């Protein structure tokens, strides 16, 4: 079917989503891989992962928006109130054509296309409205152990490879608003507007510093001024179950993107039955091709500053970016 805009879709029910995509790209994200895009991506996880085989929760069901009055009382959802302040008006204005679970997955898929190197993910619609708030304690916290993290993701059907890709990859285009005391927009990697593998390098370095005037539980030292490091990422890069996976993504942007895209799509289906959904992948914007060079070590860092954790292979011999140590700019 040809939509009013000229887009051909396999299922004509998808045509009603085209204005939603345009609104998100023009008016929420403003064509940028910035604060709004980051929020929409994070919302995908906080909505979808909140499901357990034994404790309940509906997964990718829109509960985090509909039942925000409950789910925003959960510690793991710190900062989601601010995300919903930005995204929530768009969810409401487009609630005539799609359910909230569908909207959240759409917005995350569209967010990625705003970012250099991020994959164009598949997208399906047809998730029913949510029945209830997720239980508490289903969203992983940055102070959770690797074993805890792998149990949560693994029990939901993710491989370890997918788990590392989807966490690390997301943190390549991300910052913290609630970790560095009284500071917002503090990136996890040197390039929060680029979907590159700098996050993988940055986290493998020995940490030497904390930003700001104190820590929050689940934060550890970072190696690069103007960034922050989560304990969870720190441990995932160093634990024997995940460290070879973590290292495998360094300077492998295409591989990382492909795995990430597969993982996001899997995440999008949590709590759903793929049978009763409709493919609407044609509505997702074109991806922005990765246009940056190889991964590098940050200025002033050398291979002796890498904490080797993968026993199978040495850390790739990357170049060091030229020039003086500089503080990474905060995300506007």
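Residue numbers count along the first chain shown, from 1.
Between 271-279 and 58-66, point out the one with the higher average CA B-factor as the PDB entry records it.
So the stretch with the higher mean C-alpha B-factor is 271-279.
Do the CA atoms of 320-328 or those of 21-29 have the higher mean B-factor in the entry?
Comparing 320-328 with 21-29, the higher mean C-alpha B-factor belongs to 320-328.
Whose C-alpha has the highest temperature factor in the PDB entry: 198, 184, 227, 232?
So the option with the highest C-alpha B-factor is 184.
From the list 48, 263, 303, 40, select the residue with the highest C-alpha B factor recorded in the entry.
Comparing C-alpha B-factors across 48, 263, 303, 40, the maximum falls on 303.
When the modelled residues of the chain are sorted by Cα temperature factor, does residue 284 land in the lowest, middle or highest third?
Middle third - that is where residue 284 ends up once the chain's C-alpha B-factors are sorted.
Ranked C-alpha temperature factor of residue 202 among modelled chain residues, by third
Lowest third of the chain for residue 202's C-alpha B-factor.
Rank-wise, by C-alpha B-factor, drop residue 85 into the lowest, middle or highest third of its chain.
Highest third, going by the recorded CA B-factors of the chain.
How does the C-alpha B factor of residue 76 compare with the rest of the chain: lowest, middle or highest third?
Middle third by C-alpha B-factor.
Check where residue 134 lands among this chain's C-alpha B-factors and tell me if it's the lowest, middle or highest third.
For residue 134, whose C-alpha B-factor we compare with every modelled residue in the chain, the answer is the middle third.
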